[PDB]
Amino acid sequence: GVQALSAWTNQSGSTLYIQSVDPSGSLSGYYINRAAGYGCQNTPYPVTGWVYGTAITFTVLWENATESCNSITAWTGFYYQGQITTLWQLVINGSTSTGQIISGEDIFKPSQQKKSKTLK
């Protein structure tokens, strides 16, 4: 069951930061995109989602203070063998056909927290 203060990096080096998970299962966090061929790289995008045991969904709105890519991604997946294995779907604002929804597979590995006693 994926927990609050967790971070998950995919094969493209994109990271999901889970900042909270309610007892209700409601997930909150942010996402840095580092995938080649995708705009909206390097800056934080908001995340909402659900956790139910090892099942997870999470979706990112591709709009923030620095860059907007006029789109939304939803990942559906499961926690298994220390990684989140997901199928994702990307929809573009102004789409008119299902063929324009891009599909793919992301697998996320957990990062371990580097702890400093001070900002320095």
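Note that residue numbering follows the sequence shown and begins at 1.
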| query | finding |
| --- | --- |
| Comparing 1-9 with 109-117, the one whose average Cα B-factor in the PDB entry is higher | 109-117 |
| Per the entry, higher mean C-alpha B factor between 96-104 and 19-27 | 19-27 |
| Maximum C-alpha temperature factor, selected from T66, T48, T73, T85 | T66 |
| C-alpha B-factor winner, where the candidates are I32, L90, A55, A36 | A36 |
| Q41 CA temperature factor, ranked by third within the chain | middle |
